[PDB]
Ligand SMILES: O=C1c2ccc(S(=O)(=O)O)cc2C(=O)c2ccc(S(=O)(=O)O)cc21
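One chain comes next, on its own, written out as structure tokens in the form solved without the ligand.
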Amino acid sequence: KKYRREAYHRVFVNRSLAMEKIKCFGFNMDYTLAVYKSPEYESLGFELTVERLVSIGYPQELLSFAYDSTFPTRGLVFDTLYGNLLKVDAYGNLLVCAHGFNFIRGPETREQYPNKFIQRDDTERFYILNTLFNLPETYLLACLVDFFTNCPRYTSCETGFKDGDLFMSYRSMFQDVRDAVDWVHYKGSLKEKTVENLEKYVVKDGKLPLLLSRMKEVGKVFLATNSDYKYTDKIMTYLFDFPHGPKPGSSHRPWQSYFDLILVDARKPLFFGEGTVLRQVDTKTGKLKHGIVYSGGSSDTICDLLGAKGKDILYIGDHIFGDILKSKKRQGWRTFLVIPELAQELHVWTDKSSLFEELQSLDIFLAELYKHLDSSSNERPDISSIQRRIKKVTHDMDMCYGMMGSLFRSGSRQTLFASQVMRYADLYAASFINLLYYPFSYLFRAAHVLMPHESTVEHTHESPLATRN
């Protein structure tokens, strides 16, 4: 019955955060300030990766692939041994298995996966596709596995395919894809084609300069991106290209004026440990040597330049980092995780309420059938129909998110990705722009995660085996 802001404006709270204590707002650029348009940006990365793979010898049918945003979900595991995409829970239990576009059923999942379980720490065999840049790669791996499996020129093996005399393991194929994505991002034409048509590929919104200017009135604001200065300058200039400043009627000002500290070539995640040598960019040439642009460095250096403490820093961005080093080197930043998928997922939550409602009433009906039964009862009520309907309606709900289900769950089970969100992120939202709807004095209060004995037991007011006498 408490007041809550409209859902699509909310910032969600994993751990409590008193915003009045925040003195510095730090930002990633890609997919945080620079939100890339979907599906256009993924298709561009898809198309460039396919072209690079064809350029190194992959067959011409790759050019008939077309990126399909309805297939990939972030956080899938590619098993390089069997060429499968796996959606797993926090502990490695298998929730979904797809070989190419063929979704593997419960029983035959066991043939390849004993106990429907993988050792997700075996980074030699399993690659976790966690990032927004990974999305085209996820769809591509399925396309290739699908193409080779059904093309007669190839004989399918359990761990790969035979191209004439050549055996190509799925692991070797995966490394070709991984290398080709990297090439496209770092040597290929991806940045050039993005920059030459910013309107098609990058979101633009006047709420961004407005929010960042309000942040700079209460604290310091900094940028730490892995991109180089040239690419950063093009992107940020575009993001702030309006015929006014923070508010309508005010003069436009340069994007740089919004930041107390600008840092490019960050080399994250190494940035958060030792980092690299702190350099400084010549703004004119964009080559190396307020108003200063830094290069490389470390999070510790940034902390000292801004005269701040880790807990005073709210770091806003799209990447999930690991717990490494946080038990030794002090000063850990607070974190805001941008999760774009939340916008569509919140729509499913409200626009598909019919599915959720029926699942609830099916569970209510079940409880009624067993209301009067205990271990003394030999009645075995028929629930096979109810069970079938629950499986079907749960499958419909999953499919409302796409072919690989919700980012956060699969049926009743939370995903590995969801558990990483709850580890990593103090706050999270579809976009950082939702901070616009909260004052900078706000106390963000953590939402409780109830366990079964809490969510199903009212506060409303015995065998000694339970009580230990």
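From 1 onward, residues are counted along the sequence shown.
- Compared with the other entries of this protein, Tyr370 is frequently left unbuilt, missing from a third or more of those that build its neighbours.
- Of the other entries compared for this protein that flank it with modelled residues, a third or more give no atoms for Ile324.
- Per the record, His461 and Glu462 are separated by 4 to 9 deposited residues that are missing from the model.
- Going from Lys289 to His290, the model skips 4 to 9 deposited residues, which lack coordinates.
- Higher mean CA B-factor, judged across 240-248 and 121-129 from the recorded values: 121-129.
- Two stretches are in play, 189-197 and 104-112, and the higher mean C-alpha B-factor belongs to 104-112.
- In this entry, the residue among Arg253, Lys284, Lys207, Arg214 with the greatest C-alpha B factor is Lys284.
- Taking only the listed residues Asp176, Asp374, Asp396, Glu357, the entry reports the highest CA temperature factor at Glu357.
- Placement of the Cα temperature factor of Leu305 within the chain: highest third of the modelled residues, per the deposited record.
- In the deposited entry, the Cα temperature factor of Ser412 sits in the top third of values across the chain's modelled residues.
- Placement of the Cα temperature factor of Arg15 within the chain: lowest third of the modelled residues, per the deposited record.
- Per the deposited record, the Cα B-factor of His448 falls in the highest third when ranked against the other modelled residues of its chain.
- In the deposited entry, the Cα temperature factor of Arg171 places it in the highest third of its chain's modelled residues.
What comes next is about the form solved in complex with the ligand, which does not appear here.
- The candidate stretches are 246-254, 151-159, 166-174, 263-271, and the one lying within 4.5 Å of the ligand in the deposited bound form by heavy atoms is 263-271.
- With the partner removed from view, the residue among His99, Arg74, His319, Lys220 that has a non-hydrogen atom within 4.5 Å of the ligand in the deposited bound form turns out to be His319.
- Contact with the ligand in the deposited bound form, defined as a heavy atom within 4.5 Å, holds for exactly one of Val281, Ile128, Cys143, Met397, namely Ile128.
- For the candidate spot formed by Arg120, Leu416 and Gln420, every residue has a non-hydrogen atom within 4.5 angstroms of the ligand in the deposited bound form.
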